[PDB]
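J.: Sequence plus experimental coordinates follow:
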Number of protein chains: 2
Amino acid sequence: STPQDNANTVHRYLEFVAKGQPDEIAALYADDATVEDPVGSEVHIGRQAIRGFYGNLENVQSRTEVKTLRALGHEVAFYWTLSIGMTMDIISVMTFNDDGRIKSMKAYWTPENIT
Amino acid sequence: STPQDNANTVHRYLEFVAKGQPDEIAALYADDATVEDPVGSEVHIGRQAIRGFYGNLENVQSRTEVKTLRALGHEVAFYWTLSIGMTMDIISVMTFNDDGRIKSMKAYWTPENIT
C-alpha cells in the first residue's frame, strides 16, 4: 500500500471511532495485527482480541480531529483529539502490511492528556 | 530505566542537539541502536553509523522545544519543534533498553512541516 492509502485508512479508522463502530474498526486490522493502547500495557494480538478491545466504544458517538498526520514508508504517525466537553489529545502510530491493512497500532496518551 | 529517566534522556538529547554535541548524542544510544530519520529512509544501525549521522549535523546552533511528551513503558513519544527563520514540528518516538540507553529512534516529519 502507499502512504496515501495508509493516510486514507487512518481517516477511516477515526471515522469509525467517531461513529462507535467496532466491527468496522476491526476490519481495518490485519488477521495477526497488534494493538498497544496505551503503550506500556499488555498488547492485544489478533483481530478477535482487537475486536473485543474496541467494545469500549460500541455505539459511542464522539468527534475526532486530526492535528497533524505524517504518512511515511509503511507507517503513519498522527496527533489527534477525541472528544466524547471531555477531550483527549493522543499521539498514535500505525504500521501497515503490504495489503494496506493495519499491522500494528500504538497509542501514546495518559489521563494527563485529558481536558 | 523508568519513564521518568527516559523522559530526562530525551531532554538531554534535545539539548545536545541544540548545543551541537554529536558524540554526546551517540553516547545516549545503545551500541546496536537504530535511527530512522525520517521514517521510511534507510535505517542507521549501530552507534558507529549513528555517530556519523549526527556528526554530519554538528556545531549548528539550533533551538529545540517540547510541545508534549509521553513517557510510557520503555518508550517516549514527543512532539517538538526544531528551529534552525526556519522552524519545523516533529513527531518522534524513542525506545529504551533496560540500562536506559536509547535502543531506537524514529522521526516523523517532511518538508511540509517546515514553516
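T.: Yep, it's here. Residues are numbered from 1 along each chain as shown, chains lettered A, B, ... in the order given.

J.: Tell me the residues of chain A that contact chain B?
T.: Counting by CB under 8 Å from any CB of the partner chain, the residues of chain A lying close to chain B are A:3, A:38-41, A:68, A:70, A:72-75, A:77, A:79, A:89, A:91, A:93, A:106, A:108-110, A:113. Placement of C-beta: from N, CA and C, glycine included.

J.: And the residues you listed, which of them are buried?
T.: The neighbour-count test (16 or more other CB atoms under 10 Å in any protein chain shown) marks A:3, A:38-40, A:68, A:70, A:72-75, A:77, A:79, A:89, A:91, A:93, A:106, A:108-109, A:113 as buried among the residues of chain A next to chain B.

J.: contact partners of the helix ranked longest in chain A?
T.: Within chain A, and with DSSP state H defining each element, the longest helix by residue count is helix A:3-19. Applying CB atoms under 8 Å, 6 or more residues apart in numbering or on different chains, the contact partners of helix A:3-19 are A:1, A:22, A:24-25, A:28, A:57, A:61-64, A:66, A:69, A:71-76, A:78, A:80, A:82, A:94, A:96, A:100-102, B:40.

J.: Among these, name the ones in strands.
T.: With strands defined by DSSP state E, the entries of these inside them are A:63-64, A:66, A:69, A:71-72, A:75-76, A:78, A:80, A:82, A:94, A:96, A:102.

J.: before we move on, the earlier item: next, the buried residues of the longest helix of chain A.
T.: Along helix A:3-19, these residues count as buried under the neighbour rule (16+ other CB under 10 Å): A:3, A:6-7, A:9-10, A:13-14, A:16-19.

J.: Relative to chain B, which of the residues you listed is nearest.
T.: Taking CB to the nearest CB as the measure, residue A:3 is the one of the buried residues of helix A:3-19 closest to chain B, at 7.9 Å.

J.: re earlier: which of the contacts of helix A:3-19 are buried? Put it as a PyMOL command.
T.: Remark: buried members of the contacts of helix A:3-19, expressed as a PyMOL selection using 16+ other CB under 10 Å:
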select buried, (chain A and resi 22+25+28+57+62+64+69+71+72+73+74+75+76+78+80+82+94+96+100+101+102) or (chain B and resi 40)
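
J.: just to revisit the earlier point, may I see the buried residues of helix A:3-19 arranged in JSON lines, with distance to residue B:48 as well?
T.: JSON lines is the format used below for those (distance: CB to CB, whole Å):
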{"residue": "A:3", "distance to residue B:48": "30"}
{"residue": "A:6", "distance to residue B:48": "32"}
{"residue": "A:7", "distance to residue B:48": "35"}
{"residue": "A:9", "distance to residue B:48": "37"}
{"residue": "A:10", "distance to residue B:48": "36"}
{"residue": "A:13", "distance to residue B:48": "39"}
{"residue": "A:14", "distance to residue B:48": "41"}
{"residue": "A:16", "distance to residue B:48": "45"}
{"residue": "A:17", "distance to residue B:48": "43"}
{"residue": "A:18", "distance to residue B:48": "47"}
{"residue": "A:19", "distance to residue B:48": "50"}
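
J.: Good, we can wrap up now.
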